[PDB]
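Undergrad:
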Amino acid sequence: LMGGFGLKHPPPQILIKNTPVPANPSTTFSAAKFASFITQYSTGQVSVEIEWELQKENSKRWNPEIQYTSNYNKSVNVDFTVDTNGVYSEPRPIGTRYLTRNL
Amino acid sequence: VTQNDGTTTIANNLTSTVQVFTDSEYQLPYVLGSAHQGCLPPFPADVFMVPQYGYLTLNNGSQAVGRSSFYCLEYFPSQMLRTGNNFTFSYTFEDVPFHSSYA
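Just so you know, the protein sequences line up as chains A and A', in that order. A prime marks a further copy of an entry chain.
Residue numbering for the first sequence follows the entry's author numbering, starting at 633 and increasing by one per position.
Residue numbering for the second sequence follows the entry's author numbering, starting at 323 and increasing by one per position.
1) Report yes if the C-beta distance between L403(A') and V340(A') is below 8 Å; otherwise report no.
2) Could one say the Cβ of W694(A) lies closer than 8 Å to chain A''s Cβ atoms, at least one of them?
3) Cutting at 7 Å between CB atoms, please list the residues of its own chain near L362(A'), excluding the five before and the five after it.
4) Give me the chain A' residues within the contact set of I698(A), using Cβ-Cβ distance strictly less than 8 Å, ordered along the chain.
5) Which first and last residues belong to the beta strand (DSSP E) in which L403(A') is found?
6) Evaluate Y424(A') with the Cβ neighbour count: other Cβ atoms within 10 Å of its Cβ, from every protein chain shown; 16 or more gives buried, anything less gives exposed.
7) Exposed or buried, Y393(A'), counting other C-beta atoms within 10 Å across all chains shown (16 or more means buried)?
8) Using a Cβ-Cβ cutoff of less than 8 Å, which residues in the same chain neighbour residue 302(A') once the five nearest sequence positions on both sides are dropped?
9) For chain A, is any of its Cβ atoms less than 8 Å away from the one on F392(A')?
10) Do the region 671–681 of chain A and the region 640–658 of chain A touch if we need at least three Cβ pairs shorter than 8 Å?
11) Alpha carbon to alpha carbon, what distance is there between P643(A) and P657(A)?
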């Protein structure tokens, strides 16, 4: 109901966790679990590559169609572009329904 | 047919054509299936008149919308038929259920 593709078997959850590296244990045995760990974080790169099937249009429509366009009118910032502080912003929600089809 | 001031005269025109096409790829607005007059008659000895094709589009009152599609029908490939020529096509119905003709 939020829009999208209903999948009985969706793309699976990809779960990630730093392995606990303990600090130095006591030189005598303690049966209690470790509460002291070396503080650490991880970083790295992640790649997703999705292949999408397209459905081309076969309209015999004469007049031109509504399409998503940028405006040529000047502005302080180009849409879908970083500003002078390096902050990327998206100005408006772009839906996907621009071409037409007869019922 | 020539109207000359007193009497309608009707003559053959042997070198004149008639343009026929089928919209077999469903890229014109489909006006059939709306219970309109002008079908074939129930009785085989009756001569009928071919109804004029017309379609409706999007409106905002009696005005037009930018998404309103205009369809030129001379922008389709049509077969031109003089006397002596004929037109033929076949069609296969898709797998539809039986109409339940019982109580």
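Using N, Cα and C, we set each Cβ at its ideal position, and we do this for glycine too.
TA: Straight from the coordinates:
1) If you number the second sequence from 1, residue 403(A') lands on position 81. If you number the second sequence from 1, residue 340(A') lands on position 18. Yes; because the gap between Cβ atoms is below 8 Å, this pair is in contact.
2) As a working mapping, residue 694(A) is identified with position 62 in the first sequence. By this cut-off, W694(A) is an interface position.
3) Here residue 362(A') refers to the residue found at position 40 of the second sequence. Cβ neighbours of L362(A') beyond the five flanking positions: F370.
4) Stepping through the first sequence from its first residue, residue 698(A) is reached at position 66. Those are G388, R389, listed as they occur along chain A'.
5) In the second sequence, the residue the question calls residue 403(A') occupies position 81. Residues 401–403.
6) For the purposes of this step, residue 424(A') is taken as residue 102 along the second sequence, with counting starting at 1. By the 10 Å Cβ count, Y424(A') comes out exposed.
7) Here residue 393(A') refers to the residue found at position 71 when the second sequence is read from its first residue. With 16 or more Cβ atoms within 10 Å of its Cβ, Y393(A') is classed as buried.
8) The structure shown does not extend to residue 302(A'), since chain A' spans only 323 to 425, so no value can be given for it.
9) Position 70 of the second sequence, counted from the first residue, corresponds to residue 392(A'). Yes, its Cβ sits closer than 8 Å to a Cβ of chain A.
10) yes
11) Along the first sequence, one-based indexing puts residue 657(A) at 25. Along the first sequence, one-based indexing puts residue 643(A) at 11. Near 41 Å, if we compare the C-alpha coordinates of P643(A) and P657(A).
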